[PDB]
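Colleague: upload.pdb is the file, holding PDB, C-alpha atoms:
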```
ATOM      1  CA  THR A 247       0.000   0.000   0.000
ATOM      2  CA  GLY A 248       1.992   3.027  -1.216
ATOM      3  CA  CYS A 249       5.748   3.034  -1.915
ATOM      4  CA  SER A 250       8.659   4.991  -0.403
ATOM      5  CA  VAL A 251      12.225   6.008  -1.234
ATOM      6  CA  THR A 252      15.351   5.847   0.961
ATOM      7  CA  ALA A 253      18.519   7.872   0.274
ATOM      8  CA  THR A 254      21.631   6.977   2.304
ATOM      9  CA  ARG A 255      24.833   9.025   1.906
ATOM     10  CA  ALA A 256      27.379   6.552   0.489
ATOM     11  CA  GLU A 257      30.520   8.588  -0.286
ATOM     12  CA  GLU A 258      30.971  12.157   1.003
ATOM     13  CA  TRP A 259      33.631  14.580  -0.283
ATOM     14  CA  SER A 260      34.480  18.246   0.386
ATOM     15  CA  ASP A 261      33.092  19.242  -3.033
ATOM     16  CA  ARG A 262      30.308  16.780  -3.927
ATOM     17  CA  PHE A 263      28.361  14.038  -2.111
ATOM     18  CA  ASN A 264      26.833  10.895  -3.656
ATOM     19  CA  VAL A 265      23.472   9.453  -2.545
ATOM     20  CA  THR A 266      21.762   6.043  -2.765
ATOM     21  CA  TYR A 267      18.032   6.336  -3.540
ATOM     22  CA  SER A 268      15.869   3.187  -3.751
ATOM     23  CA  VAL A 269      12.160   2.261  -3.889
ATOM     24  CA  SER A 270      10.426  -0.975  -2.827
ATOM     25  CA  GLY A 271       7.101  -2.446  -4.010
ATOM     26  CA  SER A 272       7.345  -1.868  -7.780
ATOM     27  CA  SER A 273       9.946  -0.790 -10.361
ATOM     28  CA  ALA A 274       7.760   1.475 -12.526
ATOM     29  CA  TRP A 275       8.015   4.491 -10.204
ATOM     30  CA  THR A 276       8.849   8.194 -10.643
ATOM     31  CA  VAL A 277      11.624   9.248  -8.236
ATOM     32  CA  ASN A 278      11.213  13.036  -8.005
ATOM     33  CA  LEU A 279      14.165  14.820  -6.360
ATOM     34  CA  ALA A 280      13.939  18.323  -4.864
ATOM     35  CA  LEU A 281      17.572  19.501  -4.996
ATOM     36  CA  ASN A 282      17.985  22.478  -2.637
ATOM     37  CA  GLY A 283      19.770  25.618  -3.888
ATOM     38  CA  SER A 284      21.454  25.243  -7.297
ATOM     39  CA  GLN A 285      22.582  21.624  -6.814
ATOM     40  CA  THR A 286      23.328  19.666 -10.010
ATOM     41  CA  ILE A 287      23.803  15.945 -10.741
ATOM     42  CA  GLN A 288      26.992  14.871 -12.554
ATOM     43  CA  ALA A 289      26.389  11.098 -12.516
ATOM     44  CA  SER A 290      23.532   8.566 -12.326
ATOM     45  CA  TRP A 291      23.400   4.749 -12.429
ATOM     46  CA  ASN A 292      20.345   2.456 -12.558
ATOM     47  CA  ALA A 293      18.262   5.557 -13.366
ATOM     48  CA  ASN A 294      18.381   8.805 -15.376
ATOM     49  CA  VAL A 295      17.993  12.292 -13.860
ATOM     50  CA  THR A 296      16.665  15.199 -15.955
ATOM     51  CA  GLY A 297      14.129  18.058 -15.859
ATOM     52  CA  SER A 298      14.633  21.846 -15.901
ATOM     53  CA  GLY A 299      13.715  24.367 -13.178
ATOM     54  CA  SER A 300      14.571  24.287  -9.455
ATOM     55  CA  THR A 301      12.998  20.834  -9.009
ATOM     56  CA  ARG A 302      14.446  17.536 -10.278
ATOM     57  CA  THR A 303      13.013  14.207 -11.493
ATOM     58  CA  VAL A 304      14.247  10.640 -12.094
ATOM     59  CA  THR A 305      12.970   7.764 -14.265
ATOM     60  CA  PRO A 306      13.840   4.063 -14.539
ATOM     61  CA  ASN A 307      15.322   2.671 -17.777
ATOM     62  CA  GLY A 308      14.696  -1.042 -17.121
ATOM     63  CA  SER A 309      17.220  -2.321 -14.552
ATOM     64  CA  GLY A 310      15.858  -2.389 -10.982
ATOM     65  CA  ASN A 311      14.692  -0.023  -8.216
ATOM     66  CA  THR A 312      18.048   0.928  -6.656
ATOM     67  CA  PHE A 313      20.015   3.795  -8.241
ATOM     68  CA  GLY A 314      22.442   6.488  -7.030
ATOM     69  CA  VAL A 315      23.038  10.141  -7.979
ATOM     70  CA  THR A 316      26.016  12.526  -7.749
ATOM     71  CA  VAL A 317      24.930  15.853  -6.212
ATOM     72  CA  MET A 318      27.421  18.751  -6.114
ATOM     73  CA  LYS A 319      27.733  20.788  -2.896
ATOM     74  CA  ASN A 320      27.944  24.142  -4.715
ATOM     75  CA  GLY A 321      27.332  25.817  -1.334
ATOM     76  CA  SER A 322      24.942  23.092  -0.123
ATOM     77  CA  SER A 323      24.911  19.540   1.291
ATOM     78  CA  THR A 324      21.426  18.495   2.457
ATOM     79  CA  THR A 325      20.502  15.617   0.120
ATOM     80  CA  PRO A 326      17.446  15.963  -2.123
ATOM     81  CA  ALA A 327      13.996  14.543  -1.294
ATOM     82  CA  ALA A 328      12.944  11.496  -3.345
ATOM     83  CA  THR A 329       9.275  10.571  -3.846
ATOM     84  CA  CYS A 330       7.876   7.422  -5.495
ATOM     85  CA  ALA A 331       4.904   8.104  -7.801
ATOM     86  CA  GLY A 332       3.217   5.834 -10.374
ATOM     87  CA  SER A 333       2.103   2.740  -8.426
TER      88      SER A 333
END
```
Write out the structure in this file as structure tokens.
Modeller:
Amino acid sequence: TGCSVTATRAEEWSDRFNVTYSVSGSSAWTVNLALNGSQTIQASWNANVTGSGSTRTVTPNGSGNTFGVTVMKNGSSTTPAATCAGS
């Protein structure tokens, strides 16, 4: 009944921090990410991240439900908020 997304900080650097988002229940989900400030992703595996504006979005390509993203500090650190939608 309803799905969720967990993001654990895997590697942390003094310039950028990676995150590990994942959803359980189904694989066809829409992981929306709300990057704070002007954060930008420079890497993504098991999922693609795109979308213009201050908000961010993620979509599955056909692999699983566990993917990671590379956020850049750029004067920030708080990870983004993921939300599963489409179940």
Colleague: Could you tell me how far CA of residue 268 in chain A sits from CA of residue 252 in chain A, in Å to one decimal place?
Modeller: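 That distance, rounded to one decimal, is 5.4 Å.
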Colleague: Could you list, as a PDB file with C-alpha atoms, in the coordinates of the input, every residue within 10 Å of residue 320 in chain A, counting all atoms listed in the file and ignoring same-chain residues fewer than 4 positions away?
Modeller:
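Writing the result to out07.pdb gives the following:
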```pdb
ATOM      1  CA  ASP A 261      33.092  19.242  -3.033  1.00  0.00           C
ATOM      2  CA  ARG A 262      30.308  16.780  -3.927  1.00  0.00           C
ATOM      3  CA  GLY A 283      19.770  25.618  -3.888  1.00  0.00           C
ATOM      4  CA  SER A 284      21.454  25.243  -7.297  1.00  0.00           C
ATOM      5  CA  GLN A 285      22.582  21.624  -6.814  1.00  0.00           C
ATOM      6  CA  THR A 286      23.328  19.666 -10.010  1.00  0.00           C
TER       7      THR A 286
END
```
Colleague: Name the residues within 6 Å of (13.2, 10.8, -0.8), counting all atoms listed in the file in the file's coordinates, and put them as a list in words.
Modeller: residues 251, 252, 327, 328 and 329 of chain A
Colleague: I need the residue nearest residue 323 in chain A from this list: A:307, A:276, A:282, A:247. Use all atoms listed in the file for the distance.
Modeller: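 So, comparing all the options, the nearest one is A:282.
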Colleague: Using only C-alpha atoms, pick whichever of A:288, A:274, A:259, A:248 has the shortest atom-to-atom distance to residue 315 in chain A.
Modeller: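 Checking each candidate against residue 315 in chain A, we get A:288 as the closest.
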